[PDB]
Structure formats: C-alpha cells, structure tokens
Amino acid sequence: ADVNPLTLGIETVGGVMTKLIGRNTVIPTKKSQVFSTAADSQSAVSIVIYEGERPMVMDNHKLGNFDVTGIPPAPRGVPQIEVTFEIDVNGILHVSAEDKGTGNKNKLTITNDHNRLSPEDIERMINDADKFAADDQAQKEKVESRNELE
C-alpha cells in the first residue's frame, strides 16, 4: 500500500506535535483542521510543518513553515484558521492555511527533493516511537493540546 511513512502535522502552542495526517494513511489524501491564536491580540500565526511520531516537535523533523498575517485583533481562541494538508497523486505534500474571517491565505509545497530524511532515518524515527511509547503516551496525556498557534 502506498502511504505516508510518518505522521504529518503542525506545531501547536507549547511546542506540541498536532497531527493532521496520521502515519500509514493511503495516498492521495486531504485533511483539514481549524486552529486559532495562542495569545490575545495576535495578528499572525505560524504554520510550522513537522513529520514524525513523537509528541513534542523538538523530537520530530521540520519540513517547512509559513505565516498567515493580517488577523484582526481578537482574544485568544477567537480567530478561525483552517489548515489543510494534501498529499497529491504524485506523493507530494501541499500545506495551506486560511483565516476563515478575512480570506487571508498562504501555502507551501514540500517537495521530495531537498533536505529530506533517508529511509534509514525514517525507520529509526518509527522505531523511536515504540521505544519511548511509555514516555510519549504519558507526555501526550500531560500536555495541553488545544489547537492554538503562536
């Protein structure tokens, strides 16, 4: 089966890995979730894209990042920013985000061409998540995983 070998997601407040496409999803696929701002009066959010199986992004591999800006000032949790991950028929990942309130949007295509992990890196990273299952399953249950972005 042709699938993404690692979970794909974004960093949420506290450096938390928030999955959009879990590992072993059949390709092609498209998945969206809505996020909000992590602080009052926040005029932009950063979409920071990671691959890997760990609960904290410091232990996963960053693939890219971009911002959505021009968010009218509002309290924490009010803006609604829809984030889309799409792996196309060619296996290429495209991430986009849009502030539902303003229509302001941005996007980034993650090519398979540059600064990618090897098969052996990918193997090790999966093995790592079984190895630290108890540390991870615990810490995943500790952190506050609200879909809010810095």
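Each residue number is its position in the shown sequence, starting from 1.
Novice: Can you tell me whether 127-135 has a higher mean C-alpha B factor than 14-22 in this record, or the other way round?
Specialist: On average, C-alpha B-factors are higher across 127-135.
Novice: Would 107-115 or 48-56 have the larger average of its C-alpha temperature factors, as given in the entry?
Specialist: It is 107-115 that shows the higher mean C-alpha B-factor.
Novice: Relative to the other modelled residues in the chain, which third contains the C-alpha temperature factor of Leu149: lowest, middle or highest?
Specialist: According to the entry, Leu149 has a C-alpha B-factor in the chain's middle third.
Novice: Pull the Cα B-factor of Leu63 out of the PDB entry and bin it into the chain's lowest, middle or highest third.
Specialist: Lowest third, going by the recorded CA B-factors of the chain.
Novice: Rank-wise, by C-alpha B-factor, drop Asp40 into the lowest, middle or highest third of its chain.
Specialist: Middle third of the chain for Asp40's C-alpha B-factor.
Novice: Compared with the other modelled residues in the chain, in which third is the CA B-factor of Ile122?
Specialist: Its C-alpha B-factor, which the entry lists for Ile122, ranks in the highest third among residues of this chain.
Novice: Ordered by C-alpha B-factor within the chain, which third holds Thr84? Give me lowest, middle or highest, please.
Specialist: Its C-alpha B-factor belongs to the lowest third of this chain's values.
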